[PDB]
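Below you'll find only one chain, the form deposited in one PDB entry, shown as structure tokens.
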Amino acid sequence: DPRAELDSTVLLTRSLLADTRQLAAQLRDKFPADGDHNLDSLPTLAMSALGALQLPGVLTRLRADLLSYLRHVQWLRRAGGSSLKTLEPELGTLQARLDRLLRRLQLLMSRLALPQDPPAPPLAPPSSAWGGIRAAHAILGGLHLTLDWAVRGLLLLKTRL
């Protein structure tokens, strides 16, 4: 019964993962990354949760992480220079799809009868065209890693219905 909703949500997540890779690939072709750009405003990458007791924490964390990515994607569209202007509408599509995914996750969380505010980031516009390019690498790369983790976690949830 709950497995159908979950399988839909795994599919959406895989598709969002592919969307995120494609976007990162396009950026990379335009401006290859010059290092591993830590954005302080981004969440720390979650440690890849075998048991049924660990999974609620994983969903809670996943949601918190994706909301942060959602704010950062918006920020990139708002504050991106002409250097990102050609990727902006794809980012817009990505943001719609992430919004959709998040709502699915929240539903899933209510169907499973789980429990569970104040946001500061990402905030200020990049110091230069290059700063924004650096942030885009970090945002899309972090989102990629988070979704790949998400896929695996939702698969383990499936085991425990």
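Start at 1 and count along the sequence shown; that's the residue number.
Missing coordinates between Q116 and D117 amount to 1 to 3 residues of the deposited sequence. Per the record, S48 and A49 are separated by a gap of 1 to 3 residues from the deposited sequence that were not modelled. Look at the mean CA B-factor for 144-152 and for 5-13 in the entry; the higher one is 5-13. Note on 90-98 vs 123-131: mean CA B-factor is higher in 123-131. Within the selection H37, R103, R61, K30, the deposited Cα B-factor values reach their highest point at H37. The residue among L70, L108, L53, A136 whose C-alpha carries the highest B-factor in the deposited model is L53.
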